[PDB]
Amino acid sequence: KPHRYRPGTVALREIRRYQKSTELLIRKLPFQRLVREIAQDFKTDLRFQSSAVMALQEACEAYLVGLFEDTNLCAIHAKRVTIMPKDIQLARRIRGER
Amino acid sequence: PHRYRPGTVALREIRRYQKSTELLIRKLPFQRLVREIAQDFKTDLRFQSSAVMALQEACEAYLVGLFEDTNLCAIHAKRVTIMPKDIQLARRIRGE
Amino acid sequence: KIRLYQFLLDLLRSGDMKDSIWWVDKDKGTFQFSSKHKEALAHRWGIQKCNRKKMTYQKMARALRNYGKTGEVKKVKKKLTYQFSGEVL
Amino acid sequence: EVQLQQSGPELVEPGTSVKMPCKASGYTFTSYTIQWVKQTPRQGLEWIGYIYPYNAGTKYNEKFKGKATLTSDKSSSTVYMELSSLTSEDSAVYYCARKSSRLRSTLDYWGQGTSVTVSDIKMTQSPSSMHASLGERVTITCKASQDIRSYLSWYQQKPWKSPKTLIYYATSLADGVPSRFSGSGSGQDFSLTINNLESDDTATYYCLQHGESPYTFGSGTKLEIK
Amino acid sequence: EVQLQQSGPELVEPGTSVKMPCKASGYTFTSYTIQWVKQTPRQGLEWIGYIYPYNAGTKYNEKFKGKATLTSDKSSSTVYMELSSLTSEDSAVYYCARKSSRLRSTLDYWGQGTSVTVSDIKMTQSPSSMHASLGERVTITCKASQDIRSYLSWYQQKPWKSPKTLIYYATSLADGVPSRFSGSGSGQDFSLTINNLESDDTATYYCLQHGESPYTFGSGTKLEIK
Amino acid sequence: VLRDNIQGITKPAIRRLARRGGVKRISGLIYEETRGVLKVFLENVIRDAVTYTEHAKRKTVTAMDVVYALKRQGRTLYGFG
Amino acid sequence: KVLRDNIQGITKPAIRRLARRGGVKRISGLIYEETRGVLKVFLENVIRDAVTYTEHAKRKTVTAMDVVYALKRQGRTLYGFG
Amino acid sequence: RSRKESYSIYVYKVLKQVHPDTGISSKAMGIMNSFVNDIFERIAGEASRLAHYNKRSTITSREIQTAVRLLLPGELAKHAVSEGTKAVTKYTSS
Amino acid sequence: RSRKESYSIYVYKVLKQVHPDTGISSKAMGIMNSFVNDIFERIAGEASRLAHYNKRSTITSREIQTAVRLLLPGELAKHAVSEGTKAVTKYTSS
Amino acid sequence: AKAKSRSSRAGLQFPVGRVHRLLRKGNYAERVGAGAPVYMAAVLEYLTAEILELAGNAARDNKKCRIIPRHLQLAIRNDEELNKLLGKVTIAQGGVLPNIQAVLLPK
Amino acid sequence: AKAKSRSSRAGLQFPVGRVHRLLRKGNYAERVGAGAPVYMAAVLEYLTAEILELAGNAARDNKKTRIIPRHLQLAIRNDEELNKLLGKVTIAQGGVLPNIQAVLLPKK
DNA sequence: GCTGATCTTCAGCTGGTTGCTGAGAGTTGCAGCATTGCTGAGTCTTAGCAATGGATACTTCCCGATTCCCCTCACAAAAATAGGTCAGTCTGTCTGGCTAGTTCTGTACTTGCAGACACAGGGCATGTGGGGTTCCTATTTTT
DNA sequence: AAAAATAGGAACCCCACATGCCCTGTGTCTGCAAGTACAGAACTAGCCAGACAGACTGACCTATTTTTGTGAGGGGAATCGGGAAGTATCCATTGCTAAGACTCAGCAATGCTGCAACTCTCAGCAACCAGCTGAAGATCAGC
């Protein structure tokens, strides 16, 4: 019988680890490709500075992390521990985005 | 005698007050409250009538929006009764 | 402006809501108000003018009496009837 | 980019009800009202109604109330129209078109048309049909019944195809239309002019007013080239 | 306006535990740390630790680690201190004082003191006690051990009363303090001067530093008038 | 000197504000929380407005000062100038 | 070239890491698509504003300072890029 | 007694042009005055920032067009840009 | 070579004044540069608005002090006001 | 020659000269271009016309003679673009949109 | 006469002259007072000093002798006034505060 | 419930290194100094209005007690689903080089905007009137 | 007799409309610098390419979390009637805000100069990485 961790403790370990570090949590190349694809619909043959893509990534990580904190608060309000799309929608509606 | 079942009169009130536009707080209590609050900052202050009117309208709008957010939070938790915890959650998410 | 007798002419010429005001002699211009629906006619006049208070047939009729000085609308001795002058016809 | 997808042809016996979708993509779904237009060969195009997905607000043609009901599905970015009590005089092509909430805008993009078959302001398009060669001037007039403050649009419909917008606000060129097309006029008289014709320009041209609550199309104008 | 309420004296037998509140009112509760200071006749004022209600952050004096535990209650704006295993040398007065999170700020407002009776940087005050007439000049020196970048404050404590702030940042007059009190000095040498004297000025003056993590007080100076 | 005037925002008034917001059922503890949040909001706005009047060397708070305070708190108000 | 289907590049573990940094303990299986949509909307807004700023300058390269302006314009001030 | 200089007469002219019969109250008049002032301030400030970023010292119709594009959402920006372009073209011909 | 003209050297002087033995990274240097620029823009813009509101054409230390009171929260405003007043008083004595 | 307002030259109702003066005295730039006041006056006129037409339609739908703040609020809040443009704006005497959550409604 | 910097005259480390130039050229007012740049420089210097001291303390408690963006974030987010001042500000490579909700922790 | 053994992770120490920070040399652009003038801001006085305070009568709402109903909350069963492992696979990353398309810099210059001034018409404040509206009482015909 | 209809005096309201005036927007001319067209330098972002290690992915099983059904009880809603404020309006007072005139101190504008701040560079060291070891904590029996 191999050693197994009960569900929940590895999640708390990951929370502790990722709340202590500051690196970008999304791979750089997929994000840059996504940014280029999105920009394709506003102007053809655009060019991006590397620092521009880095600033976009920093903004996106910060926004998503804050939204996830709000989503966690909403989920806890509903007597849950599992975040669901309804929590995201409620947080974004109260924030004024929807 | 006749008695309305609970929630019917409340729904009538919701329909009625969402249709009108006058201030829902009496003017004199709000004027007294505003003067009392301003007493802390500067003594012997003075208020234009339009100043108190603008303050009252801003307060009504803010409280109504806050109550809409509170109601959304309460519905999220499978309830129809708003509680202080919903107000707190709405204010926390708004960033206040 | 003077839109009151314009109102009284328009609905009669268009055949609108004959239950309150209607014709018996278009040539001379006389017409008869209904003793029952004249309140509805007065209210419809008041909503068009968009006044503050709902007007009664009394306040409506008070206006026609000033038309006699100018001559557009005059009152003859016959219950619920008036008439335009020839010029405004 | 902007696309309004519809369903295929419907074979429906009289007396039943049918619902067709208008799945939309390529734009912010809640910012544009989805308008529904029916087209019969004997009454041209008639405006049915519209739905505003932002608040699910509707407004139907007075001659279509009860017969048609519009529903909005925000999650799938789809709008359905439900027609009840399908009479024999319902066999027509039903178009769903995108129109912005701005009064100046018009029905810019159209669906492919769902062919359903069952087993006030008046627009006057004075010239019914004309013949011309490959290089002349042609003018179409859309004399109106009441006045409309330049709230008139010009549409081009190739046969068995969805109508294509040419002029909106009675003077402004649509998106991608060449400057050959030119509209003018205001009040009650409006005009459409084509600079130089081609074999492509043969189609039917309609003028739509949206200055008042029931939108009314024109009688149509069949243009023939050489 | 700003007021920090405290409980009355409590008699406790040794070996037990005690807790006293610091109900605070008149300001944004979470914006100011609450610092706890104990005063004994044989040690004078001694810093215990603070708690930051904004994030429940705490920081304890090393010699009081384990002995004291600080808790905050955001709902009632109260801060509690718990002493475990009350040893005989704990019969003293425990003060709770308000201090902003700004480094320049000091312990500005104090609680009345709960007389609980049971059954580094060395900060040197040169004049232990002095006498003066009704209108002379007095000067109190507060030479420090290490270097503090003007993070020194002066306090006046009437007998059987909570201390009152006079100078913060080694030169700035505190709120309500008349310009008779004047602080000076920086680095390791500091001075407090009183130009005009009154019968009120009969009190014990302490100089407190908060440039390094363990806050330390001076020995005090008993100043007597006539 | 005026005191305890936050009690002037009565329970029925708060119920009316909730009704305009679409609230059907209201708990018994909502009223004190609403009074607290209203007091906080009013204190912020009034402090900014009084700062604006004091800068202009005036002793009367005008509608412009309240409008400016609300605008600088991201709560733009129309109709008072 | 032409880029297509790159929002899928924001993989499931990446979203899980982002949620963990937010203190989320349990994540539903439908969260990932919703997060992808939200991120796409946010990116579209910011990139459109940045491209407008670049276009006004008669440039063809989106500089980092344009992104900073676009974010600042939306109440999302960013420090560390200018 | 200082000639307050509002926007009321121009808004009233526009209203009578677009709805010849309906009137407007004083409260709505003041609200629309505030709306015009607010939109003016927003567009002018954003155009000022645009000129500052590009090291320009003058605000031109290009700056105003970019500010309109950045501030108005959806078809509002498109129609406002069309109106401004048409007005400037007409003014240029004098 | 364009003489970017940042605030780096002054921030380094302040850092050496408060923490004599502590350095700072380039990323933190740029972040503090951005912070200084942001705060300068905020205070200057709000002071300009204050001057415009009172129909004044000049920005004085009074406008800056009122701006500082309006945008800085809590004791930050008090200590910034004290610092500014001290600096102006010392500068006046030359 | 005969005086001609710049608004008349541009074919507008809003004052181009007043907008130019406000731009010049508003501390926005060292110089102001010739066409900038015309452009921004046209934009302001367009926005005013759109809002006023929507408010007038709302007033007529309520069978009222005059536009009151309630009609302006109804016009703005019922349009998503206008709501986004005026999201953080409070309208005096405006009230709120009639909206009741479906859960509160009885079966 | 020998040139004395206005910063030195005011006892400051921030550039009073550069601040004055930015105020004059920044499209804020028709004119700028003499003491306005001094006041502005003093306020900016105080703010940067406070943030830098808090960040340096955070670095020292982390046993580091160099301030990085993480230390700046820790200094700001742990202060309520600084957090309120920079509530809508994102700091690159600053991370987030360590915060776990109580109900997510195991009970026993 | 109370520890106990086992396994995994995290924290701390020590040596090699490595890329990043701080300081020095060259320089150049902008801050400081010294005049000159003139206008925006400070000071006094007073007109003029709006805020404050009190009174009175009327209307509108608020507060406390009762009843009861249906919503919230506790709890158990089920049934949905997410998490932890693992084998296999696929992709991001790092390295460096080459264009080549884009950005930056310097000149000549030209075109449009600020400044000055005369002046006249647009816009603001205040007034006057038509076409009613409202309000209360009395009078003369019909039902 | 009774009620509907009719007159009428007397304030009053809304929307044009007219009028006086004054100050600000327009017309005209001049000077000059902000911005542009062009050419050439330089610079940096996109593309290519190969390996490879570690992140990602899908299946599987299980535990643990969420959902559903049920019931009790008590919290809040509905009601009501008397009293307590609120409100409208009217008058008097007062005080405080700004207009108008007057004056002059501070700030813009200008030119010259010198030194402080920028760029470029390179040495050295704080931080990072790898390896190792010890403490703390999670997990599964077990008495």
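Below, read A as the first sequence line, B as the second, and so on, with proteins coming before strands; counting in each chain starts at 1.
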Checklist entry - For C:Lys54 and I:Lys55, take the nucleotide of DNA chain L holding the closest heavy atom to each; which residue's nucleotide lies nearer the 5' end? => result I:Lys55
Item to check | Between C1' of L:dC135 and CE of C:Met55, the distance in whole Å | outcome: 13 Å
Checklist entry - Whole-Å distance between M:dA5 P and C:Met60 CE? => result 14 Å
Item to check | Difference in axis direction between the ends of the helix from L:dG4-M:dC140 to L:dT139-M:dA5, five pairs, 10° | outcome: 160°
Output one line per pair: protein atom, nucleotide atom from nucleotides 52-60 of chain L, and distance, for all N/O pairs under 3.5 Å.
residue : atom : partner : partner atom : Å
L:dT52  : OP1  : B:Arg35 : NH1          : 2.6
L:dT52  : OP1  : B:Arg35 : NH2          : 3.0
L:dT52  : OP1  : B:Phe47 : N            : 3.4
L:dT52  : OP2  : B:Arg35 : NH2          : 2.7

Next on the checklist: Under a 3.5 Å distance rule, please check whether C:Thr81 uses its side chain to pair with a backbone N or O of C:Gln32 as donor and acceptor.
Outcome noted: no
Checklist outcome for this item: Side-chain atoms of J:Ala3 come closest, of L:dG121, L:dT93, L:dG132, to L:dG121
Checklist entry - Does the side chain of A:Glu23 come under 3.5 Å of the side chain of A:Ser21 through a donor N or O and an acceptor N or O? => result yes
Checklist entry - Read from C1'-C2'-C3'-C4', is the pucker at M:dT121 north or south? => result north
Item to check | Rounded interatomic separation in angstrom, taking CE from F:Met64 and P from M:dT97 | outcome: 16 Å
Checklist outcome for this item: The contact string for nucleotides 81-88 of chain L, one letter per nucleotide 5' to 3', using protein heavy atoms under 4.0 Å with B, S and - for base, sugar-phosphate only and none, comes out as -SSBS---
Item to check | Output field: ring centroids C:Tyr67/C:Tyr82 closer than 6.0 Å | outcome: no
Checklist outcome for this item: Comparing nearest nucleotides in DNA chain L, the 5'-proximal residue of the pair J:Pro15, B:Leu24 is B:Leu24
Item to check | Any donor-acceptor pair under 3.5 Å from K:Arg9 side chain to K:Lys4 backbone | outcome: yes
Checklist entry - Within 45° of the six-membered ring axis of A:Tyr5 and under 6.0 Å from that ring's centre, is NZ or CZ of A:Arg13 located there? => result yes
Next on the checklist: Checking side-chain polar atoms at under 3.5 Å, does I:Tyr7 have a donor or acceptor matched by the opposite partner on K:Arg18?
Outcome noted: no
Checklist entry - Do the side chain of J:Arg6 and the main chain of J:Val38 share a donor and acceptor less than 3.5 angstrom apart? => result no
Item to check | Main-chain N/O of K:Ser5 paired to K:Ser8 side chain as donor or acceptor, under 3.5 Å | outcome: yes
Item to check | Worked check of side chain to side chain donor-acceptor pair (under 3.5 Å) between K:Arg31 and I:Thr58 | outcome: CA-CA 5 Å; K:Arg31 24 172 65 199; I:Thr58 184; 5.5 Å; no
Anything under 3.5 Å between a protein N or O and an N or O of nucleotides 28-32 of chain M, put it in a table, one pair a line.
residue : atom : partner : partner atom : Å
M:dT28  : OP1  : J:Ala1  : N            : 3.3

Checklist entry - Over how many whole Å does the gap from C:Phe7 atom CZ to L:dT133 atom P extend? => result 11 Å
Give each protein N/O atom lying under 3.5 Å from an N/O atom of nucleotides 22-24 of chain M, with the pair distance.
none

Close N/O contacts between protein and nucleotides 10-19 of chain M (under 3.5 Å):
residue : atom : partner : partner atom : Å
M:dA16  : OP2  : H:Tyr12 : OH           : 3.0

Checklist entry - How are the rings of J:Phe14 and H:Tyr10 set to each other: parallel, tilted or perpendicular (split at 30° and 60°)? => result tilted
Checklist entry - Any side-chain donor paired with an acceptor under 3.5 Å for G:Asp66 and G:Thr54? => result yes
Item to check | Any A:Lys1 side-chain N or O less than 4.0 Å from OP1/OP2 of M:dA141 | outcome: yes
Checklist entry - Is A:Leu29 touching bases, backbone alone, or none of the nucleic acid, heavy atoms closer than 4.0 Å? => result base
Next on the checklist: Do I:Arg62 and F:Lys57 have side chains that approach each other closer than 4.5 Å (heavy atoms only, starting at C-beta)?
Outcome noted: yes
Checklist entry - Can you find a pair of side-chain heavy atoms, one from B:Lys85 and one from B:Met83, that are under 4.5 Å apart? => result yes
Item to check | H:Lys13 side chain, from C-beta outward: closest of L:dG123, L:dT133, L:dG122 | outcome: L:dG123
